[PDB]
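*Asks:* Here it is, the structure in full.
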Amino acid sequence: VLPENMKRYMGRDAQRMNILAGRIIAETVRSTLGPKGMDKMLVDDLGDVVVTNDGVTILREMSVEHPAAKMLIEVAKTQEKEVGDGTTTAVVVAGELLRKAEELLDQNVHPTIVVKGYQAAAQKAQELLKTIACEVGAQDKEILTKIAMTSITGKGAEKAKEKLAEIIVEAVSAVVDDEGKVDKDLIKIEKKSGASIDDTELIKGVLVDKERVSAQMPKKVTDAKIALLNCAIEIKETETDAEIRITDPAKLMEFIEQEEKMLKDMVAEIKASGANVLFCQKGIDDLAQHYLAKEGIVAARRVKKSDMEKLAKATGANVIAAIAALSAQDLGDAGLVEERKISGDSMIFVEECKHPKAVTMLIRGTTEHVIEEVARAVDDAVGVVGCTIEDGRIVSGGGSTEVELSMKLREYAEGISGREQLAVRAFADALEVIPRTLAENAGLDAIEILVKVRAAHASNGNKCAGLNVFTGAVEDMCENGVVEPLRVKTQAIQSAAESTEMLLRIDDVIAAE
Amino acid sequence: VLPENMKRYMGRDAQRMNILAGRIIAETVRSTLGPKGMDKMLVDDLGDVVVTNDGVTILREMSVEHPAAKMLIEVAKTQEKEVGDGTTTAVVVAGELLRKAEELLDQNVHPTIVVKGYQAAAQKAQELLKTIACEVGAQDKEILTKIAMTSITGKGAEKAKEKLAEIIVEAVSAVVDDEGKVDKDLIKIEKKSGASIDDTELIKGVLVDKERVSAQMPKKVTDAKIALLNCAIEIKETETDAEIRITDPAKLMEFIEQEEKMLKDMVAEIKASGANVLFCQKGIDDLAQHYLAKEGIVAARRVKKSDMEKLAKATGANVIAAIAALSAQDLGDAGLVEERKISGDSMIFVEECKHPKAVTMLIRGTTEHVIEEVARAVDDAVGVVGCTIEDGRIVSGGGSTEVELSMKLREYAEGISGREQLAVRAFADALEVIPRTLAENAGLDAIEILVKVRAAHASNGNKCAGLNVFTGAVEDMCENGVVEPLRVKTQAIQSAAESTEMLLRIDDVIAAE
Amino acid sequence: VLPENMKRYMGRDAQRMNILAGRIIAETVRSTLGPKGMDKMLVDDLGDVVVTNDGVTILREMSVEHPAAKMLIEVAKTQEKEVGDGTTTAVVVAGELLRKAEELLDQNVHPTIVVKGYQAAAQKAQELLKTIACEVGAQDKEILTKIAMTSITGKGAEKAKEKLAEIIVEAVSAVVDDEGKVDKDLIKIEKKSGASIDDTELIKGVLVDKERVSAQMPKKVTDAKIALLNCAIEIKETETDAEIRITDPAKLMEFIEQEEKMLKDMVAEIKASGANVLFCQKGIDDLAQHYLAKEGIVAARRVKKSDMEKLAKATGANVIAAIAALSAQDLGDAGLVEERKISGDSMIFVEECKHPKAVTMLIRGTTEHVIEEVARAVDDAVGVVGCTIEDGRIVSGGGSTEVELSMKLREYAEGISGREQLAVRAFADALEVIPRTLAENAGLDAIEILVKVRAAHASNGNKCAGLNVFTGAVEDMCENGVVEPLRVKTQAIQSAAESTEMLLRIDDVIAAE
């Protein structure tokens, strides 16, 4: 079936190989875990290098070979989509679970029991998390800024986590509407080198990095009537083949003047709708740009389809395919639409809209790769703040959850018994790697923190413990504002355990020629 | 993940390798440091060679392999963009910091403490620089020419640093407007081989290396009405397909005469606006060139888009896409627009404008590579003079700052304590390399100047010390006019320390296939 | 230091590599563990293949590469020398300890603590074994035959372990003298294909596979006077160079007859001492063989030096270098010395001696490789029976010891605390592999037997438990006669733990060119 040279894994080898794939990924990713986690340097085929700590960015960009690692990536991706955070967490515990899996396989625990114990412990872990979760005001200013900041930590951007929490909490509360469901597409992350991270600021509307196509156009329009076109404002040609046949030099001019009228009529139609701002996804004819300026219409051409959509969301402007199809009902409203140059580049600010459904975050900083790292940092901050509003429960950080999971799943193991209790016992053991490696990356003693934090959690409770890697000692994570959304950690374990078992489900690898 | 043959670095190897990358760059760049710094010979793939001392030019042109060096380059670039100078400085201290970093890593100082100490010492260094900074008149003729000259030194151009300081101080004061914000794009650096560096001179307006498209056109126009076109002055064709069908030899002529009228009408439209100078980004039809000359319009074709923009800035002329779109409001004013031949080549001088927002500096010299080196030298001079106006504080040179930083960050280290004080102590040690290598390149004793200058600075103060490599002994840098803008040195350390830590942030390099 | 191509291991790699070496050996050897342990097929460079279960035989014959495995072999060898048994046991727990060692190294337990915990737990294990040991009559017929048989089990020879126990217990009791110290060199293991294993029998004296050099000699001599010569019974030549110069054919005969007299005198000297049995390590002249037969002296030539020594031990015969050096005091006594042909081959039985200090065990069986396997099986049986007499304490088998060690060293770990308790806890975990793999090879469930046997041992005691792989369930090892000498298991753990730590002591491998 396999071509001479193609490698095949089966039984203990298929399981070891899949464990090796997930473990090697987890071995790489686990070093990014925690506030004191490190960075990875990813260099592509062209020489372009990106530095990050985000599990998803790392796994997507790197050139993975093992299919087992390719399935684990789906966890990191659905983590970013569903909750934003929990990337590193889910991958690390997944690789750890796989390490434990082979121990059990060798210790005479059948693979069908191992996958049973993991599914069982994860199902109990869902109940455990739902019952350990600490209820909090979904829109509480304080918890929102605490969730935001704690997500930001372990990244370079944390130097301004206070300004960023304020920005992201405001943005999410705006676009989330009710309490709630958030759409991350309504919050744009824009970045422009120059200034510092303290200068990063939220714009209640849409910021695009475009210019006014004519110098004759106003540089600022208030009470703006935004029209969105996706076609070019040029002389259209019909579908049916057609050519003009000039018989007179006056007739050559008869057409020239007709194209002048045409482009004027195109602008007159925009004007007729009541529009005075015009964003065209395609180009705008040089003559039409003059006509646009003549009618006091401010305009930008070649607008990114994504930018056209954000504008539609914020202003309520309607992207129209055909210019003829424009109507007054297609116009959006903005308080102010103004052309501004920041760090030399022209960008148009569409702000102060009536009821903006989309906002833009303008990130500043001393270097492109810094504001790039910041852009990733705040992307997660939006996610996790949205998670806290969508589900009004949060949990203590510093490994307090994973410690609760160890304590209670080890008790759960006892109820299960048989070889199935070793599978559950090993599941809990794997989940302990997070508390362990959170501090491992901080340079703290895995042994001391393991005993003292475990005892402190078990005795003092859940919202009255956890390990603080910042002081290098057990603290009160809840009092210190070190909390994350319930969704993050519940989805992290769920998906991580499921993909891990999935890897453990395969007993044979068949490669096509 | 990595293809067989691809190299991977992790832990101590990833850190050593990144230190080696930055150190090798710093080892190369540190030889350019100071008034007695040397030059680098950069030879490309085609054989074209450039000689320079500018850190940015060196790093951009050279073919860098290490991603760590690729991130350090961003410091050199943002240095040139933000402050102009501090290229060498930032790179050198960055590589030195990296050397110290591994010492600390081996000495049992955890990488998370090293990056903490550097960030901490740099944050204190910002306060130290803000408090050591010496207040000066932002527009003071003297400090402006002193900043200009001290930036110029260590370059071949310093032979005429007096004439260059006068030129650059005037140019910046003009375009900077208030006190202030300077746009370096408003000051053009033009160069033409011939004459000497003493012949370099400032033109209050825009100089372009173009000619008058017709010999029939005036060679000098006063009280000029400048029109800017970006399209060609030719017979346009419509978007819709069209062809002329001639049925008579008189009708062939009917069209020929219509194209004559057309191009005449195009010129008549320029004339109708009141224009008498015409810069076309595209070509001009031979017949239209005659019509332009007939109406007394001086014109140049194929003008660089950059040149069109500088003309718009200076004269207030408005670049118009379509000839039909021309209006009187699109005209700029210039006192004199005149065609002059210097060193054989034709160039048009647009000078003595009403309120020029852009100026041009015409550099002369005995060789192209000399006036090339001068062009780079004065580019920095513009930057740093702008820095002094933007922030009305300057600092003493001759390593006096870096010595203040050593003295006070070593005291700062004491307050920090733990292993964190070694990180801060090493940070200060790294910053000392500048005082050390400034004189290293001069051929002065690193040991003697280190003791005597340190004591002299600590005892006598900040604006009453520093090392003068020109006499090879401690002097009074402030009295001798050896000062640089606060912005240069503050941005230099900030970005250098941040990119250094960034390099220290990576613990693992992943290369894609 | 190392030649290009030579591999070098250090830190985590030196430790992993050494663990891999010991673990791979242990992974191979652990399959031989227990009554249901399997065999290994060792094929040399010449094609000669040996099948065995004995750890020493396996490790000596196989071509080991890793120096770590080369040090572990010393444990298996000193096991065979000191106690006979405990080969597999010591190697298995050694490799297991090494596996645990890296777990602890990764879990932030410093290698100096790991080696401390193992040394500490092994020192406590010595006390634990000395206190768990069950006192037994050193010469008790029953325990002696039980020790013998339990050692024999897991080998092919166990089919006749009853006859073999009787043979070995008698042999050891004879040569051990007091209670006691046994010399395994006093018990010879002879083997000859033919008959069955039931026909194996003990000869109270020495059996050699030699013949009577002359057909004229008696085939049986009673009340035998044994003389041992190591030189040949031939015409000696002097050290100083000398040659005979014959001047007459009568004189040629004068010498010929002198050599006849010489060899006669050599025999006459043997006769003069009172000897009537003669074993010559070297050859015997054909004429001298006749003279020996003439005097009624039975003789064998080219006797193995080992055979000459066993004869000296049993009979009290004294090996004499020079024939002239023979005296009456050099003679040994034997009840009967008789030439017998078994399976076609001639062998001389020297039996029924006055006070034999050496005995011979004649092994029979249907194939050479069977009686070869039996020879190895009974070699151990001699050792372990000697161990029980040398130290009058025995211990229950079926992993009962190792379970006691797990239970009490896990309690010991608690007293130790710190990271040192994990080292002791892991030491105990490693010692559990024996109970686990004893039944692993039987095809029993590692999980069920681990829980039920642990509880059964902890509750019921030490001499009232253990796992019986023969019924596949916990039993009473003591009641069922499944016991081994204290010496075996105490030496096994001691040496195994020491060599394991030794492997853990190395942090760097230096290979000479």
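Every chain in the structure tokens has a letter given in the order shown (A, B, ...), and although residue numbers restart at 1 in each chain, ligands are simply numbered from 1 in the order shown.
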When the cut-off is 7 Å and we count only C-alpha atoms, which residues of chain A are near chain C, given as a ChimeraX atom specification?

*Replies:* /A:107-108,419,445-447

*Asks:* Any idea what's packed within 10 Å of residue 74 (chain C), counting only C-alpha atoms, ignoring anything in its chain fewer than 5 positions away? Could you give it as a PyMOL selection string?

*Replies:* chain C and resi 56+59-60+69+79-80+495-496+499

*Asks:* Report the distance between CA of residue 428 (chain B) and CA of residue 409 (chain B) in Å, rounded to one decimal place.

*Replies:*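 Between CA of residue 428 (chain B) and CA of residue 409 (chain B) the gap is 5.8 Å.
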
*Asks:* Measuring atom to atom with only C-alpha atoms, identify which of B:497, B:486, B:206, B:101 is nearest to residue 385 (chain B).

*Replies:*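 For residue 385 (chain B), the nearest of the candidates is B:486.
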
*Asks:* What lies within 10 Å of residue 456 (chain B) using only C-alpha atoms, ignoring chain neighbours under 3 positions off, as an MDAnalysis selection string?

*Replies:* chainID B and resid 400 449:453 459:462 464:467 474:476

*Asks:* Excluding residue 63 (chain B) and any residue of its chain fewer than 6 positions from it, enumerate the residues within 10 Å of it, using only C-alpha atoms, and give them as a PyMOL selection string.

*Replies:* chain B and resi 42+44-45+70

*Asks:* Can you write out the residues you just picked, keeping C-alpha atoms, as a short mmCIF file (atom, residue, chain, number, x, y, z; two decimals), in the first residue's frame?

*Replies:*
data_model
loop_
_atom_site.label_atom_id
_atom_site.label_comp_id
_atom_site.auth_asym_id
_atom_site.auth_seq_id
_atom_site.Cartn_x
_atom_site.Cartn_y
_atom_site.Cartn_z
CA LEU B 42 29.67 47.03 1.46
CA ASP B 44 26.56 43.89 -3.39
CA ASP B 45 25.88 40.93 -5.73
CA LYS B 70 17.23 41.12 11.77
#

*Asks:* Compile the contact shell of region 110-114 of chain A as a count of residues only: residues with an atom at most 10 Å away, counting only C-alpha atoms, same-chain residues fewer than 5 positions apart removed.

*Replies:* 23

*Asks:* Apply DSSP to the structure's backbone, then extract all residues of region 152-328 of chain C labelled helix (DSSP H, G or I) and return them as a count of residues only.

*Replies:* 77

*Asks:* Give the answer as one residue: which of C:147, C:297, C:202, C:234 has the shortest atom-to-atom distance to residue 167 (chain C), using only C-alpha atoms?

*Replies:*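 Closest to residue 167 (chain C) of all the choices is C:202.
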
*Asks:* To one decimal place in Å, what is the distance between CA of residue 161 (chain C) and CA of residue 364 (chain C)?

*Replies:*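 Distance between the two atoms: 13.6 Å.
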
*Asks:* What's the 12 Å shell around residue 221 (chain C), counting only C-alpha atoms, without same-chain residues fewer than 6 positions away, as a VMD selection string?

*Replies:* chain C and resid 212 275 to 278 296 to 299 333 to 339 348 to 352

*Asks:* Can you tell me which residues surround residue 305 (chain C) at a distance of at most 12 Å, considering only C-alpha atoms, apart from same-chain residues fewer than 5 positions away, and format the answer as a PyMOL selection string?

*Replies:* chain C and resi 208+228-231+279-282+310-312+319-321

*Asks:* Would you mind exporting the chosen residues as a tab-separated table (two decimals), in the first residue's frame, restricted to N, CA, C and O atoms?

*Replies:*
chain	number	residue	atom	x	y	z
C	208	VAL	N	36.39	-37.39	36.33
C	208	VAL	CA	37.11	-36.84	35.17
C	208	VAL	C	36.82	-37.70	33.93
C	208	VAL	O	36.73	-38.91	33.99
C	228	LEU	N	49.53	-37.23	42.15
C	228	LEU	CA	49.34	-36.18	41.15
C	228	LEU	C	50.68	-35.59	40.71
C	228	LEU	O	51.46	-35.10	41.51
C	229	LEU	N	50.93	-35.78	39.41
C	229	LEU	CA	52.10	-35.21	38.75
C	229	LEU	C	51.63	-34.17	37.74
C	229	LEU	O	50.63	-34.35	37.08
C	230	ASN	N	52.42	-33.11	37.61
C	230	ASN	CA	52.10	-32.06	36.64
C	230	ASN	C	53.05	-32.06	35.43
C	230	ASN	O	52.64	-31.64	34.35
C	231	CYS	N	54.24	-32.60	35.61
C	231	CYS	CA	55.19	-32.78	34.50
C	231	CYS	C	54.85	-34.07	33.77
C	231	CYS	O	54.02	-34.87	34.22
C	279	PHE	N	47.70	-39.52	38.04
C	279	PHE	CA	47.15	-38.49	37.15
C	279	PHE	C	48.27	-37.51	36.80
C	279	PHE	O	48.87	-36.89	37.65
C	280	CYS	N	48.59	-37.50	35.50
C	280	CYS	CA	49.65	-36.62	35.01
C	280	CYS	C	49.00	-35.51	34.17
C	280	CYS	O	48.35	-35.74	33.17
C	281	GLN	N	49.30	-34.27	34.58
C	281	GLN	CA	48.80	-33.11	33.83
C	281	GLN	C	49.36	-33.10	32.41
C	281	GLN	O	48.66	-32.70	31.48
C	282	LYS	N	50.60	-33.55	32.28
C	282	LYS	CA	51.21	-33.70	30.95
C	282	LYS	C	51.12	-35.16	30.47
C	282	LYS	O	50.43	-35.98	31.08
C	310	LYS	N	40.81	-30.45	41.72
C	310	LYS	CA	39.62	-31.09	42.33
C	310	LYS	C	39.99	-32.42	42.99
C	310	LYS	O	39.57	-32.71	44.11
C	311	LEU	N	40.90	-33.13	42.33
C	311	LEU	CA	41.48	-34.38	42.86
C	311	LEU	C	42.27	-34.14	44.13
C	311	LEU	O	42.01	-34.86	45.11
C	312	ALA	N	43.00	-33.06	44.21
C	312	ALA	CA	43.80	-32.68	45.39
C	312	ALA	C	42.88	-32.38	46.58
C	312	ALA	O	43.05	-32.95	47.66
C	319	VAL	N	49.59	-32.33	44.16
C	319	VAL	CA	50.14	-32.13	42.81
C	319	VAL	C	51.63	-31.79	42.94
C	319	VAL	O	52.04	-30.81	43.51
C	320	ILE	N	52.43	-32.66	42.32
C	320	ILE	CA	53.88	-32.48	42.41
C	320	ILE	C	54.40	-32.16	41.00
C	320	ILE	O	54.02	-32.75	40.00
C	321	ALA	N	55.27	-31.14	40.99
C	321	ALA	CA	55.85	-30.65	39.73
C	321	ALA	C	56.89	-31.62	39.18
C	321	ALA	O	56.73	-32.11	38.06

*Asks:* What is the distance between CA of residue 176 (chain C) and CA of residue 389 (chain C), in Å to one decimal?

*Replies:*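 Answer for the CA of residue 176 (chain C) to CA of residue 389 (chain C) separation: 8.1 Å.
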
*Asks:* I'd like to know which of C:240, C:388, C:28, C:258 is closest to residue 142 (chain C), using only C-alpha atoms.

*Replies:*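 Between C:240, C:388, C:28, C:258, the residue approaching residue 142 (chain C) most closely is C:388.
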